[PDB]
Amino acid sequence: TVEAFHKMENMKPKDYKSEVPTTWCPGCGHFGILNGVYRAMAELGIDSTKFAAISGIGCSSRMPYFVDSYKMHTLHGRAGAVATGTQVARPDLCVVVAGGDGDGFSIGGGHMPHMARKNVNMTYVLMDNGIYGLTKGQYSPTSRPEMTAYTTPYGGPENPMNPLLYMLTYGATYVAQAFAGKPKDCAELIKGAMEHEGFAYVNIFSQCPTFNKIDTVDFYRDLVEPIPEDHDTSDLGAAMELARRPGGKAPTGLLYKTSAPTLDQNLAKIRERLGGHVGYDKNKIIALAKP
């Protein structure tokens, strides 16, 4: 049970700013996502002493430095892995993972399915800019084929992958999508993602004006299409159809949400059935080694 929600009163977004100034380029969509994280923490009255923000490697992964809470800057693609050890060891903390599209679905694509499968109670904020930003503009698993980029001067020889469809297939119990230019969409979907008990994934389009020349703000604004409220967020098949972009337009809103046991709860059931506790008489275990 997370004990960090609704512990502080009359909180503003600026209370969660840290002493570290931002390093992102002016106009970068990561500012909106960071601002959506701030508003989300404020609307929940989060005691940031019980808040863990763990990131991988990339421009996107520099976000924990800018948040006033417990935080980790780990290796490329290993954030969700490191975060799982954090969440399991201390189920009381509110755990959030932040990283880019290359960080998550390229080097980190091996850890993605098991995060969602095991239903670890944490939030994954993936900033999807369709390019490798910090390494100066190499194409990513979400880049469109016609794009010409750093290591692809003659176009992309493969199609992009569907981040929402991946996570729905992996079995995430909270799947949402937003645009960085709608900072109140980010704040709301991130808010519901944190309160949700399970693996919550939030895919947020974030423009990169420095290196990405075709996935621009105007493009993302036309690409999105907000989900109608009459959509059933318990219909996995309807959410997978939404993820597959009907009519070519990417959905924004809540796609799928369901309640299911989390990893730390199932780990607890194992200890409960054994009557396990910190003060177990360890001499019983050694007694089994008598000849």
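All residue numbers are counted from 1 along the displayed sequence.
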Next on the checklist: Please compare 185-193 with 117-125 and name the stretch with the higher mean C-alpha B-factor in the deposited structure.
Outcome noted: 185-193
Item to check | 216-224 versus 158-166 - which carries the larger mean C-alpha B factor in the record | outcome: 216-224
Checklist outcome for this item: Chain thirds by Cα B factor, record data; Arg39 belongs to the highest
Checklist outcome for this item: In terms of its chain's C-alpha B-factors, the third that includes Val67 is the middle
Checklist entry - Should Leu236 be placed in the lowest, middle or highest third of its chain by the C-alpha B factor in the entry? => result highest
Checklist entry - Would the CA B-factor of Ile54 place it in the lowest, middle or highest third of its chain? => result lowest
